[PDB]
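These values consider heavy atoms only, across backbone and side chains, with no hydrogens, waters or symmetry-generated copies. Chain letters run A, B, ... following the sequence lines, proteins first and then strands; every chain starts at 1.
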Amino acid sequence: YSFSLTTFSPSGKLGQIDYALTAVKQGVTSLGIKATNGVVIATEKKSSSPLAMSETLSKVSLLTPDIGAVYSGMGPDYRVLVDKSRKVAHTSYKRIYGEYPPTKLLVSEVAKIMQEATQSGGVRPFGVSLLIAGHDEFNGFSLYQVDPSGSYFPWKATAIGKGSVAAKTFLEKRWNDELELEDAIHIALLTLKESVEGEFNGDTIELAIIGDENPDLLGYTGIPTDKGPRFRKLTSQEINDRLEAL
Amino acid sequence: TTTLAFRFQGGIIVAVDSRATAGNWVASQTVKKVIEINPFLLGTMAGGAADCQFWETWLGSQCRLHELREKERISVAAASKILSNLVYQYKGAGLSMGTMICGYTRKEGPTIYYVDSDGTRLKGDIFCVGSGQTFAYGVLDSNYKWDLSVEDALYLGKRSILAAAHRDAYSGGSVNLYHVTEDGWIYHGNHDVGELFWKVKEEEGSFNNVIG
Amino acid sequence: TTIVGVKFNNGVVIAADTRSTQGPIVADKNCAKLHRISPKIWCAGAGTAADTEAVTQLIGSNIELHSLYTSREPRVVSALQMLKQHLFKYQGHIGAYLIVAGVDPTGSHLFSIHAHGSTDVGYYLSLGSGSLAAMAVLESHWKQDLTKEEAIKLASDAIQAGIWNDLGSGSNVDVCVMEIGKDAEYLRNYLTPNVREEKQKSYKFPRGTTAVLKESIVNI
Amino acid sequence: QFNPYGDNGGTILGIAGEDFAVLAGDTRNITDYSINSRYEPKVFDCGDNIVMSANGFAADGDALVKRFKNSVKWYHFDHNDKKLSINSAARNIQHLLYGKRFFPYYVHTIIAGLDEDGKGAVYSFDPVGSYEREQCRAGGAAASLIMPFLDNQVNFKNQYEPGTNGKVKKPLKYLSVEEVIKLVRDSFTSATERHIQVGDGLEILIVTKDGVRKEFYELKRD
Amino acid sequence: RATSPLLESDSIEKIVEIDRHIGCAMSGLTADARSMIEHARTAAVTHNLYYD
Amino acid sequence: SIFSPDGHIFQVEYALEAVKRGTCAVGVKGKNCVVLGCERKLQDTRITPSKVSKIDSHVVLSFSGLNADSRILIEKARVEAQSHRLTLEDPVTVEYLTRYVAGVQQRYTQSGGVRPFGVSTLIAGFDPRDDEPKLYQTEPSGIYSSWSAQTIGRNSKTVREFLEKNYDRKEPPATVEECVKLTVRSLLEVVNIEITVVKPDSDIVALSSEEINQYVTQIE
Amino acid sequence: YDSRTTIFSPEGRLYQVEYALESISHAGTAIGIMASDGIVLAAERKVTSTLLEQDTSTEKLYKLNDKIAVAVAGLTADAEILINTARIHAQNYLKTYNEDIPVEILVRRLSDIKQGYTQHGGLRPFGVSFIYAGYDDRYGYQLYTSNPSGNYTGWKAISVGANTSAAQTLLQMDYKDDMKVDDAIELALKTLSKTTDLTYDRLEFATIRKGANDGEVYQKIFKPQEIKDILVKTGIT
Amino acid sequence: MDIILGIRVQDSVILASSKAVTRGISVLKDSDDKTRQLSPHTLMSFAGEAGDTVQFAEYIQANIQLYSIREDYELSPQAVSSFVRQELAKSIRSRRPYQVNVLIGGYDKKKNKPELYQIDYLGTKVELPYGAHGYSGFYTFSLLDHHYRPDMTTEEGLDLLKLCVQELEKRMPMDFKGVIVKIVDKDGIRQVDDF
Amino acid sequence: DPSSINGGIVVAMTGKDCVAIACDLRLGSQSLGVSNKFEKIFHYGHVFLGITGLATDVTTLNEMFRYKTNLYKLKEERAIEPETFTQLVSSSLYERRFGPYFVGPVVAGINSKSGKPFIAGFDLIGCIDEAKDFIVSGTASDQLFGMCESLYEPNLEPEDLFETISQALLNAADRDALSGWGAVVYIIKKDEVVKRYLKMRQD
Ligand SMILES: CC(C)C[C@@H](C=O)NC(=O)[C@H](CC(C)C)NC(=O)[C@H](CC(C)C)NC(=O)OCc1ccccc1
Ligand SMILES: [Mg+2]
Ligand SMILES: [Mg+2]
Ligand SMILES: [Mg+2]
Ligand SMILES: [Mg+2]
Ligand SMILES: [Mg+2]
Ligand SMILES: [Mg+2]
């Protein structure tokens, strides 16, 4: 097994990457929306048993204080990418510059990780696509999709997984370049409501924003130059609040 | 030890003593300090006995292998460079070798390389090497001449090792003589200093520092 | 350098002087010796300044990864084990000497750690060249069940002892207060008892005082 | 500070005859001023009419003899029991020694046997592999006492024919095994008298076409 | 067995010296003889270095 | 899997199939020279890699087959040429260099996870201090041989038949101009043409399209 | 058996290399045109949605250093790997010699990396073709391509990706041996216009030319609106 | 110890290097050439540890020639000197450092200028109008500080070296057995037999 | 020790919307002065780095940092800032903790975004001197400390900063056998950089 398991077929296509995408297309819908003053990323929390506690799992993950991610496809592949992504942000960036990487470069590192699984001997590609929302001082807010191939594209808004065709369509109609974060959150909810079969509340929806710095989440005072984290995940309560007055 | 090689009109003379020592102990007076690598190539040994015997014998192996591989005798330059490259790999380990690599090919002509365990490799017309080198030099240099007859050259080489054997505590035994030409080396015998010294003192009227 | 640690009824206080010295020279007269391992875990260092800073960053980074991985608040004992194991592995050659203080879900903690990898625990501690002067104050004025304001005063008095009596120490007092149930409170230059007096004159030169051979614009 | 080397004293003696060789050693083994053993053999039959002694640091000596005997075993395996000739044994022992050039066996090696013309052979080695074939050689503790004596008695050095005004050397002559043993015995009784590290016993190995034989003689035990 | 008149048959080398007392002839896929010849020569010369 | 039942090596025989698909290459020995000729848009060709490469000042290599495979051999040969100068204090003979290159090829047919070179080569030039032109050919198998004139690649069977009846060992082309012409002729049988002339003691010169066009037109 | 990447077919063909080339022929088209005083790189974007963030990306053209750029066709993630080794190679050369790397030397090294994957190791080749645009003081302006075979050639004009034969024909038609960098731009846009299966949001564009202020060489990665304004002035508006 | 001198004049660089090779109380040779040509317009002279000097210089030469062949282009003096410097900087912190100091004379055919580089074994590099390694700089630097002009012909450079060598034969304690002088210019490298 | 074989000094100072950095020109080998033109100050974009110590390491670090910053600019698509470069220098130095470069680097520059003047110093293994009035380094660092603490005052105009850092360098150098032999001074503002060569004693 010291040979690639992803290889080219006569049509020039790479089967294992395509089949990886198929797995992604089969996953629960998730989406991202970029506003002028923030970005939102969202997904549904299908609990595969009512005896399961879905709060103990997290589909939306903080990567850096200013960068978060969500996914469609194979959950465990995602979990593992999250661990790798957090580490590479420290090992190839923060330990050298004393700064967290800007979004596009962190997206780029995760892309490398995924590209590698499509070429190295003895391994299948990752079966996930990630949406990654971040902010950095010189580029502002951004939003990227990474695919099992390691390809990444920047979006103003997009959806992935099962209900993505209708969701991308809904988003095409409602999106304009003057949404404020609150609009983007509202639109994300309306969008997720189509994809959602079954229950739809603050407990089956996961939602996070990259927005303003939160000094109250820093954990300490005294360094005034120290920026709060821009990433915040919305509580169950906060999500229901918006849902009632939808 | 005293060893010398020089180029002159009739080719190369090679001359060595045969004493080996440990501290002030004369361990032997019969040591062979020239190696016959092939019929056109000689090596001389000064410094560590083992270091010299071992590595020059090994050099002989590398030379033969070259011949099997390239279907030609190796050049003097390349043979001396094999030895030089090898010792340099060991630089600092504590090897102790002062050697001369001497011979003929048509390309180079009669050729002498000095090679030591420092990595020093030198082409030259005259070298004396060993604890007695300065004594050899003083005699050899004084009477050296490019147009020495072959006989006069053989004698001057012999007389120079003899001078070193007499004065250097660590040289002695006998003199081994070689002549090298375009047809390769030819051996000119082993000359015990025990009888050589007196013979030369008489014939020559030299060594007046000594009671006869 | 003078660093101390002082536990109180509801947390721990850490403090340091602000002088760093190239030999008998002061390089930085207002340096920062109070480092953050994590939001509520802070450490002060003496010994080799690069080692103290580097090892701080290494563990801080790892503590952060650990915390993200385990979805738990970092624990002071974790910083302790990671640091001592790292320092021990290096057999003393990383000359870091640290007082590490903090609060976490299990309570409030105070530890010291030496270059070879040994660690101590107590209610009050000192390290660095000025630690004997500071410890003399601690040994004279510590009592169980300090309030926050009393532990600040005591730690601040201890740093002062080193500032005044230890040539290795000087300038200002910095404190960090880590109280249970609250954000860590970092007080930079809590005390500044060593301001330079006004000089007798300005040494501004008349323009053109300095001889120039040639001049040119550089393009960035 | 660990010193990996020791000195176990002892002295050895090889003389070549026309159709025989002899390798002798004393049987005493020492440490500083103590006697470890009055009888610990150090001259060994290694097969193929090859006898060997590695004298000095006895731990290195034993190791070297062991490695060599093994070398013979494999020579035989590789070459259908072909006799290892003595010159071939010598070159091989050179390599064993020089293999450890940077951490040498602290010993003086002598081997004796017959050459391919059936003539007695002695070879002498320095601790790192330098060797020559010789007619006689003493090694070890009392070598500096015994060697000049052999120079004089085995090779007639400094003897002239009387009435010739010191112009005619006493001509070289092959000694018989009888005359050689006499010299060996006298060398050792002499060494025993003047060297504190020599005594107890004298073991002589005698090699001929018919094989290796052994004689033993007591030496003074003080 | 020159495969063409343009081949300089002098460079067809299917017999080689291993040592002064040993030579050899090869037949087959002859490029494979490279290693064998090399190894043989080294075996012969190494045996002489070690055993005289 | 490796050998067919009649004893061929599969991958090696397949390597020969690669050479056949390659562009035609030919070399011919004159009395005091050796010419190399190769065949070939909208491409820049002053910067594009040529089909003939200097190995050292006096030796060249050309090839037919998998183009990209040939760079590894060219590079390996150039390095060895310097190693040889460095250690023997003399440049390679053409024959030596050919052994080296062919030996590399043979090796790639006997290592695991490694494909044989899909190139055959022409190696030509003059030994140091010698004016007998030298010409060798190597194959993916690692076989090599000396030739008065030789061709490799597509339609080499055609070109070879041409040289067998137009090259006379008794009278090799007596001038560089004849030698070039015969080379150009040999190519026009199956042919944009490259020509490189090698004369003794490092006279290596590639003919421009111009001087080549002066040749081809006259022939026609 | 054509799954295995470093073994010959019975026709002496290398299948994985050939299939990698098939994949590339389905990628977004990239053109490169060399003028007397500059070079032009153009890439038509494979992916199109209206929600794609067209500005702030450039994902088919890449600066390798101050003097050399590439245009990509194939797996963009494959490309990034090799782009990164190249930038490193160029920096090592600068560090060793204190000179900028000659374009061909950077090209040969990447071509060698590609070649390696075809001869040993059992890993699939990279699914990318590159058009290299660069300047050095030895050869002036240069254009090269490389493909998964590990081959590379120099060009006066060239294309890779989809519809390559259609593009090559047009370029063979309207290429003057000594044009001007502003015309080569026009030609490039026309040729991408005649093969598009064409707006600014679907284009990436770059140039390398003498700064005219002065004597120096400049790499411009055109912004989206710049692409607009150059799309109208050449009558594709 | 070894004399190694360099003077860069208007149209050329000139290298002068002592002929003696001395071990203990023996001058072994009086005709030793302490240079290797790295390329047709680049020359390197060398001083330092026995063995290291030739081993280093030839290694560089081999590498430079390799580049010449691979690129069919001659690297600039500036590029070569930087490769030499880097090799020495790697050396000094390697398991066994070359103890070699070098001078590099080259004619930049593109810039049409002579350049002279002094690089020691640590990897310290500097370009200079004149340079020296060893104890010789203790006499030559001040002498040339007095006598050297920037406008000088090759012949004047030669006179300048006659002055230096005359002084070193006067004041240096060791008999360095004269020098070999080599001129590097637009036409390449040549040795001045009549020195 | 290695840090005093070649000799030389660097000093940097902040002023009002400006920074300045200066160095001598000497390269010697112990008592022998060798080069009269060995500058010790480099720049990567708008960030300046001065380096004292062992000349070979001075040169090595420069090349290492040009390499690192070039890659940074390519990947980040913007030039490195003085704050970020400072951390980069630190960690690069610390990476060689147990076999260090024998150097005393100094960073000066103006952040392109805040417009804020920035300086820093380092010990040979990367410890950062965060100080923001002045930083000194080299074989005359004592002298420099003395000169700076004396002559310096905050918020000097560039024209005045030029006189101050000049006199600090010149007078420190003349009390040091291993420093001097010429000097260069950079006055750095947002839109302009001026380099000047000072006239000084040549003994
Ligand atoms: C070819 C040589 C025989 C030339 C001759 C003089 O140059 N050399 C010698 O005579 C040198 C002495 C010299 C290095 C001062 N002697 C030697 O090399 C002798 C070998 C003879 C005694 C058989 N070996 C030696 O001195 O001791 C080696 C040693 C190594 C490790 C531990 C204990 C002892
Ligand atoms: Mg035998
Ligand atoms: Mg006794
Ligand atoms: Mg007794
Ligand atoms: Mg200092
Ligand atoms: Mg001074
Ligand atoms: Mg002075």
NZ/NE/NH1/NH2 to OD/OE distance under 4.0 Å, [X] and [Y]:
X         : Y         : value
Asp203(A) : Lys45(A)  : no
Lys227(A) : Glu137(A) : no
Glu64(C)  : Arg86(A)  : no
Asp83(A)  : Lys87(A)  : no

Relative to each other, are the rings of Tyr144(A) and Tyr152(A) parallel, tilted or perpendicular (30° and 60° limits)?
perpendicular
Parallel, tilted or perpendicular: rings of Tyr72(I) and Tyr97(A) (30°, 60°)
perpendicular
Can you name the closest pair of heavy atoms from [X] and [Y] and give their distance?
X         : Y         : value
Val4(C)   : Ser126(C) : CG1-CB, 4.1 Å
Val40(A)  : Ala184(A) : CG1-O, 3.6 Å
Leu31(A)  : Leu192(A) : CD2-CD1, 3.6 Å
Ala96(C)  : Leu87(C)  : CB-CD2, 4.1 Å
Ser169(C) : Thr2(C)   : OG-OG1, 2.8 Å
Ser108(C) : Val103(C) : CB-CG1, 3.6 Å

I'd like to check [X] versus [Y] (side-chain heavy atoms, cut-off strictly below 4.5 Å). Are they in contact?
X         : Y         : result
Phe126(A) : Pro148(A) : no
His109(C) : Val100(C) : no
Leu243(A) : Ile205(A) : yes

Is it the case that atom [atom1] in [X] sees more than 12 heavy atoms from other parts of the structure closer than 6.0 Å?
X         : atom1 : answer
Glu55(A)  : CD    : yes
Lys233(A) : NZ    : yes
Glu199(A) : CD    : no
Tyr69(C)  : OH    : no
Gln144(C) : CD    : no

Residue from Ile67(A), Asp136(A), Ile132(A) passing side-chain contact (heavy atoms from CB on, under 4.5 Å) with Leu106(A)
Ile67(A)
Take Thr36(A) and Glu180(A) through the side-chain contact (heavy atoms from CB on, under 4.5 Å) test and state the conclusion after the steps.
CA-CA 6 Å; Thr36(A) 53; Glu180(A) 294 187 338; 4.2 Å; yes
Suppose we screen for ring pair (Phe, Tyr, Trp, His ring centres under 6.0 Å). Which residues come up paired with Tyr94(I), at least two apart in sequence or across chains?
none
Answer yes or no: is there a donor N or O on one side and an acceptor on the other, between the side chain of [X] and the main chain of [Y], under 3.5 Å?
X         : Y         : result
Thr70(C)  : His66(C)  : yes
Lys132(I) : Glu130(I) : yes
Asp123(I) : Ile125(I) : yes
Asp77(A)  : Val128(A) : no
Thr48(C)  : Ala50(C)  : no
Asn10(C)  : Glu179(C) : no
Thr204(A) : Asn201(A) : yes
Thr43(A)  : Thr29(A)  : yes
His90(A)  : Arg95(A)  : no
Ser72(A)  : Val28(A)  : yes

For a quick check under 3.5 Å, do [X] and [Y] share a side-chain donor-acceptor pair by atom type?
X         : Y         : result
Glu83(I)  : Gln87(I)  : no
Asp241(A) : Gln237(A) : yes
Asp147(A) : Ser129(A) : yes
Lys33(C)  : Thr1(C)   : yes
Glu109(A) : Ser85(A)  : no
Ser108(A) : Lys75(I)  : no
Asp104(C) : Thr106(C) : yes

Could you grab the distance from atom [atom1] of [X] to atom [atom2] of [Y], nearest 0.5 Å is fine?
X         : Y         : atom1 : atom2 : value
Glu206(A) : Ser61(A)  : CD    : OG    : 7.5 Å
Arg230(A) : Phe141(A) : CZ    : CZ    : 5.0 Å
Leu98(C)  : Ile113(C) : CG    : CD1   : 6.5 Å
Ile63(C)  : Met82(C)  : CD1   : CE    : 3.5 Å
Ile128(I) : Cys31(C)  : CD1   : SG    : 10.5 Å
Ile209(A) : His135(A) : CD1   : NE2   : 12.0 Å

Residues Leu246(A), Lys193(A); criterion side-chain contact (heavy atoms from CB on, under 4.5 Å); working and verdict
CA-CA 11 Å; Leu246(A) 190 42; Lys193(A) 201 163 174 192; 3.5 Å; yes
Provide the full list of side-chain hydrogen bond (donor to acceptor under 3.5 Å, both in side chains) pairs with a residue in residues 71-87 of chain C, sequence neighbours left out, each pair given once.
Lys84(C)-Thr119(C)
Could you tell me whether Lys113(I) sits above the aromatic face of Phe138(A), with NZ or CZ closer than 6.0 angstrom to the six-membered ring centre and within 45 degrees of the axis?
yes
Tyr220(A) ring centre to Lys40(C) NZ or CZ under 6.0 Å, with the angle to the axis within 45°?
no
Result of checking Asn30(C), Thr18(C), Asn189(C) against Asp174(C) for side-chain hydrogen bond (donor to acceptor under 3.5 Å, both in side chains)
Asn189(C)
Can you name the side chain to side chain contact (heavy atoms under 4.5 Å, CB included) partners of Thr56(A), sequence neighbours left out?
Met53(A)
Full working for side-chain contact (heavy atoms from CB on, under 4.5 Å) between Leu218(A) and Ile223(A)
CA-CA 10 Å; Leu218(A) 204 41; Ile223(A) 311 191; over 6 Å; no
Please assess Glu81(I) against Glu99(A) for the test side-chain contact (heavy atoms from CB on, under 4.5 Å), listing each intermediate value before the final yes or no.
CA-CA 12 Å; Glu81(I) 297 298 329; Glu99(A) 312 179 357; over 6 Å; no
